[PDB]
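Engineer: This structure is in structure tokens; I'll ask about it shortly.
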Amino acid sequence: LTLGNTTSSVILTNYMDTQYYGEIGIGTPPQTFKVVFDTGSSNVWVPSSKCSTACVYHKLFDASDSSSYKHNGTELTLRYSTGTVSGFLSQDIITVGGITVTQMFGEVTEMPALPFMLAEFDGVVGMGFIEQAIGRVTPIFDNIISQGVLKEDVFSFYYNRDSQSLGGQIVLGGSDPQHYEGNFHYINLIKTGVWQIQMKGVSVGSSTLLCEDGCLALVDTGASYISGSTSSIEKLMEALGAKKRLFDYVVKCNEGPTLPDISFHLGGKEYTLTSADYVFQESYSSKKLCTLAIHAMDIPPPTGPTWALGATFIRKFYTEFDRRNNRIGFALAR
Ligand SMILES: O[C@@H](CC1c2ccccc2Sc2ccccc21)CN1CCCC1
Ligand SMILES: O[C@@H](CC1c2ccccc2Sc2ccccc21)CN1CCCC1
Ligand SMILES: *[C@@H]1O[C@H](CO)[C@@H](O)[C@H](O)[C@H]1NC(C)=O
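Numbering (UniProt numbering), first residue to last: 67 to 118, 122 to 231, 235 to 406.
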């Protein structure tokens, strides 16, 4: 007997405003892993004990220590913006904030030192739809929905700004009103299968200089930043006075607080980020260079070309992902 009144939460760790990770347990007895909960992907994967470069710094799943494990072994390859992992399929019981689910997941045996040596998390829990799942593997949230335990078929994200403070939180089955102010404003997904909405414009202060004839916005919990196409970012950075370095865009630290507001027109409203929301203000010196929490990412079709609203956006706006209604809700984070 499963009664739909459950609302479970996973505490997240904030690593330098770029990586937000929580704990999941795999197997019997449970083997714990630090995972990023990512709306931009649909597969679950952790490093395998069968891993032969980045594997050395992470926790590895040993199937031989789990009584609940069921072999499969189908080969699997997962491509991310940052890097590609490879392994095989395994099935086991996954515990996520109290909820226990029988899940098919990836046992990663090929984890390159770049970029995975830089990951503070062990694996990824893809919070996207089956349409985007590799090997057509049933996503974890789809499996939790099938159990009929959740209060509502929704999950929400809270990302805090980096004492003994909470780095973030995921709520499965609801939203935590302690982490948002006012009410949610919802935007319907263009289509089911992808956590993507229509964007009606991007404004720099006064003038709406980009996305004038509309564009797409992927609401990506796994993305550290706000990203646009190379073309869109080059124009945006020019309007900000930012300069291209090797991996990032920079401004003189003293100019940082003088930077204009960036607005994203989504559904009925404008979602504004002030300079304090997008500049890593590590100094105020005129002789130092400060990094922006904005970059270029060319997302390939069918999903891209698209903007991605990552942790930079989510820190400002507490986000709710509604599977029942196929919509996303935003509320000012508290
Ligand atoms: O953490 C930083 C990003 C980090 C990184 C992680 C995964 C994949 C690529 C890169 S590029 C790179 C290069 C050299 C050192 C570290 C890094 C971002 N910074 C901005 C705020 C926190 C620091
Ligand atoms: O956004 C970050 C990407 C992040 C990540 C998140 C979800 C799923 C896969 C990966 S791959 C990976 C590997 C190592 C460290 C971090 C990460 C990387 N960014 C840092 C600066 C912008 C790029
Ligand atoms: C692995 O699992 C898939 C279902 O996701 C199934 O179709 C396939 O036959 C399985 N392979 C093996 C070798 O068990």
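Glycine included, C-beta positions come from ideal geometry on N, C-alpha and C.
Could you compute how far the alpha carbon of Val243 sits from the alpha carbon of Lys307?
Structural biologist: So the two alpha carbons sit approximately 37 angstroms from each other.
Engineer: Pick from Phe319, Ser275 and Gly340: whose alpha carbon is nearest that of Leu312?
Structural biologist: Nearest of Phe319, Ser275 and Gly340 to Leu312, Cα basis: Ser275.
Engineer: Using 10 angstroms around the beta-carbon of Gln250, count the other beta-carbons present and answer buried if the total reaches 16, otherwise exposed.
Structural biologist: So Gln250 counts as exposed.
Engineer: In whole angstroms, give me the CA-to-CA distance for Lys263 and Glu342.
Structural biologist: If you take the alpha carbons of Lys263 and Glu342, they lie about 22 angstroms apart.
Engineer: Considering only heavy atoms of ligand 2, list every residue whose Cβ is less than 6 angstroms from one of them, following chain order.
Structural biologist: Residues with a Cβ closer than 6 angstroms to any heavy atom of ligand 2, in chain order: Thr84, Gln85, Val102, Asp104, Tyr149, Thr151, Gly152, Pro184, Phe185, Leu187, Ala188, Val193, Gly294, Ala295, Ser296, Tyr297 and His367.
Engineer: Can you tell me whether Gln201 is helix, strand or coil according to DSSP?
Structural biologist: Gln201 falls in the helix class under three-state DSSP.
Engineer: Any residue with its Cβ nearer than 5 angstroms to a heavy atom of ligand 3 should be included. What is that list in chain order?
Structural biologist: Working through the chain, the matches are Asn141 and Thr143.
Engineer: Tell me whether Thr344 sits in a helix, a strand or coil according to DSSP, three-state version.
Structural biologist: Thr344: strand per DSSP, three-state reduction.
Engineer: Buried or exposed for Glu253, please, with buried defined as at least 16 other CB atoms from any protein chain shown within 10 angstroms of its CB.
Structural biologist: Under this definition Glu253 is an exposed residue.
Engineer: Grab the span of the alpha helix (DSSP H) containing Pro184 for me, first residue to last.
Structural biologist: Looking at the DSSP string, the run of the alpha helix (DSSP H) that includes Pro184 is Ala182 to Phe185.
Engineer: With distances taken between CB atoms, is the gap from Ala295 to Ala383 smaller than 8 angstroms?
Structural biologist: Yes, Cβ-Cβ distance for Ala295 and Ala383 is below 8 angstroms.
Engineer: Could you check what DSSP says for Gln250 in three-state terms: helix, strand or coil?
Structural biologist: In this structure, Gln250 counts as helix in the three-state DSSP scheme.
Engineer: Checking the sheet assignment: what are the DSSP bridge partners for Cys287?
Structural biologist: Paired residue(s): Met271.
Engineer: I need the boundaries of the beta strand (DSSP E) containing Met173, first residue and last residue.
Structural biologist: From DSSP, the beta strand (DSSP E) with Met173 extends over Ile168 to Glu179.
Engineer: Just checking, does the region 141 to 154 make contact with the region 87 to 94 on the three C-beta pairs under 8 angstroms criterion?
Structural biologist: No, the region 141 to 154 does not touch the region 87 to 94.
Engineer: Report back the beta-carbon spacing between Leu290 and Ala348 to the nearest angstrom; my notes put them in contact at under 8 angstroms.
Structural biologist: So it is not a contact: roughly 24 angstroms between Cβ atoms.
Engineer: Of all the options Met173, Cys117, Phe385 and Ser304, which has the alpha carbon lying nearest to the alpha carbon of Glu179?
Structural biologist: Checked all of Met173, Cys117, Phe385 and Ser304; the closest Cα to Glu179 is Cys117.
Engineer: Which partner residues does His337 have in the DSSP bridge list?
Structural biologist: Its beta-bridge partners are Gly273 and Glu342.
Engineer: For the beta strand (DSSP E) containing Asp222, name the first residue and the last one.
Structural biologist: From DSSP, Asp222 is part of no beta strand (DSSP E); its letter is neither H nor E.
Engineer: Kindly list the residues whose CB is nearer than 6 angstroms to the CB of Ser225, restricted to its own chain and excluding five residues on each side of it in sequence; keep chain order.
Structural biologist: Answer for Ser225: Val243, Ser247 and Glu392, listed in chain order.
Engineer: For the beta strand (DSSP E) containing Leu78, list its first residue and its last residue.
Structural biologist: Residues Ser74 to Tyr81.
Engineer: At 4 residues or longer, what runs of the alpha helix (DSSP H) sit wholly inside the region 314 to 395?
Structural biologist: Fully enclosed alpha helix (DSSP H) runs of 4 or longer: 347 to 350 and 383 to 388.
Engineer: Considering only their Cβ atoms, is the gap separating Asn398 from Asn212 smaller than 8 angstroms?
Structural biologist: No, Cβ-Cβ distance for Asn212 and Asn398 is not below 8 angstroms.
Engineer: Give a yes or no on whether the C-beta atoms belonging to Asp104 and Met196 are separated by under 8 angstroms.
Structural biologist: Result yes, Cβ atoms of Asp104 and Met196 sit closer than 8 angstroms.
Engineer: By Cβ distance, which residues of its chain are closer than 6 angstroms to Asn71, with the 5 residues on each side in sequence left out?
Structural biologist: Closer than 6 angstroms at the Cβ level, and outside the excluded window around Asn71, lie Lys220.
Engineer: Which stretch, first to last residue, makes up the alpha helix (DSSP H) that contains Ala311?
Structural biologist: Run containing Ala311: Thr302 to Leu312, per the alpha helix (DSSP H) assignment.
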